[PDB]
Amino acid sequence: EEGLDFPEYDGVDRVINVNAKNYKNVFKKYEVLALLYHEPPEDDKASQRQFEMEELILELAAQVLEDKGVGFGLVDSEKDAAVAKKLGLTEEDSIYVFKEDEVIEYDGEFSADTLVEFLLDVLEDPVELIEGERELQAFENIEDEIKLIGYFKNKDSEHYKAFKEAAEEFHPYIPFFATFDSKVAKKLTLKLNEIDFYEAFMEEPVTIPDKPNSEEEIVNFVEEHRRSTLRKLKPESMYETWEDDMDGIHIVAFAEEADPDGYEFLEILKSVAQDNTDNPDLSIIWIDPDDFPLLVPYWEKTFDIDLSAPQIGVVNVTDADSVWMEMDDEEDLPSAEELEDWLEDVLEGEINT
Ligand SMILES: [Ca+2]
Ligand SMILES: [Ca+2]
Ligand SMILES: [Ca+2]
Ligand SMILES: [Ca+2]
Ligand SMILES: [Ca+2]
Ligand SMILES: [Ca+2]
Ligand code: NA
Ligand code: NA
């Protein structure tokens with residue numbers, strides 16, 4: 001009796017060298033396939049070590065997800081240029097995820113935790129059905145992401161099928177929910193074939209106009225409303241969010257949700273968002289420092305702030321130059337009006353509008 005060990009990385013290689021000769025068979029073997037499209041090995045040790053680490057991160061994810069039929073592979077942009085073309089791999093050192101007839105160009109954190117969570121989400125069906133109270137309550141409780149909900153006759157409705165096709169386009173980043181139950185639709189205030197879009201952190205939805213909606217109408221609407229006034233930086237999508245800057249800058253708020261002050265600040269931020277939701281020139285990024293433990297020292301040093309307290313600032317995406325609002329913690333946090341006033345002062349002395 002020694003006592004069984006927790007699972008451990010076993011050092012067995014599972015990541016596939018995907019090439020011209022095997023790529024068709026690889027796609028046949030796995031229902032979900034994650035492929036790292038990468039540049040060939042440079043001569044310097046630094047580059048080789050960076051690649052070595054990325055590959056092992058994939059190995060860890062591959063071990064974890066082996067039983068679930070998720071495969072992992074490498075496509076060398078030189079040795080495997082032809083495979084890349086056929087598959088549409090363009091972005092250097094980027095992960096592409098394949099499920100059925102969909103390709104996803106992953107733009108999140110390169111970590112085993114984040115990748116595994118993402119791929120488990122990918123494996124799920126694209127539409128969540130609401131039948132019970134638990135499920136409806138779960139839907140109502142979602143705030144930190146855009147969500148859509150539609151009421152349809154049944155799974156065979158042409159309009160449900162269009163909704164599902166649209167859901168697949170954004171899977172798994174934007175949750176699509178459906179109900180076939182008139183009582184549920186009643187509580188959600190949905191007419192038949194009506195689809196309500198809830199912007200992140202917004203209480204009131206916007207109904208997609210011109211129902212019943214084609215797949216294209218839904219996709220167009222979501223794309224047009226893709227950027228919420230307040231959005232959360234999430235590991236699974238951090239790079240896409242950060243690269244979607246507001247003319248060279250982001251307004252960035254740090255708030256630890258689990259902390260009393262961080263929670264209060266978040267409620268204030270939500271008020272600011274709600275009061276300015278119609279302004280297309282405004283996006284605030286909420287970062288919870290608890291979600292990014294490896295970046296906290298860097299942020300505290302770079303921005304010269306204490307992340308144990310709520311913060312709000314404006315960051316220049318070009319050089320990481322920034323300015324942060326002074327808040328005395330011996331008094332109440334600034335009100336929504338005060339935050340808006342400060343943002344106006346900072347941004348009025350700028351290059352636009
Ligand atoms: Ca390869
Ligand atoms: Ca995820
Ligand atoms: Ca309604
Ligand atoms: Ca229509
Ligand atoms: Ca808005
Ligand atoms: Ca993280
Ligand atoms: Na998701
Ligand atoms: Na938190």
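Counting starts with 1 at the first residue shown.
Technique stated in the header: X-ray crystallography, 1.9 Å.
Just so you know, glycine gets a Cβ as well, placed from its N, Cα and C.
Swiss-Prot has this to say about the protein:
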{"type": "MOD_RES", "residues": "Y9", "note": "phosphotyrosine"}
{"type": "MOD_RES", "residues": "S47", "note": "phosphoserine"}
{"type": "MOD_RES", "residues": "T90", "note": "phosphothreonine"}
{"type": "MOD_RES", "residues": "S182", "note": "phosphoserine"}
{"type": "CARBOHYD", "residues": "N316", "note": "N-linked glycosylation site"}
Proximal but sequence-remote residues of the same chain as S47 (phosphoserine) (Cβ under 8 Å, at least 6 apart): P41
Quick one: what's DSSP say for the residue listed as 'phosphothreonine', helix, strand or coil? coil
Collapsed DSSP category at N316 (N-linked glycosylation site): strand
Can you figure out which of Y9, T90, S182 (the modified residues) comes closest in space to the residue listed as 'N-linked glycosylation site', comparing Cα atoms? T90
For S182 (phosphoserine), the number of neighbouring Cβ atoms whose distance to its own Cβ is within 10 Å equals 11
Can you see whether DSSP assigns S182 (phosphoserine) to helix, strand or coil? helix
Test of understanding: give the count of other CB atoms lying within 10 angstroms of the CB of the residue listed as 'phosphothreonine'. 12
Euclidean distance between Cα atoms of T90 (phosphothreonine) and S182 (phosphoserine), Å: 46
Distance from the residue listed as 'phosphotyrosine' back to the residue listed as 'phosphothreonine', taken between C-alpha atoms, in Å: 31
For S47 (phosphoserine): DSSP state (helix, strand, coil): helix
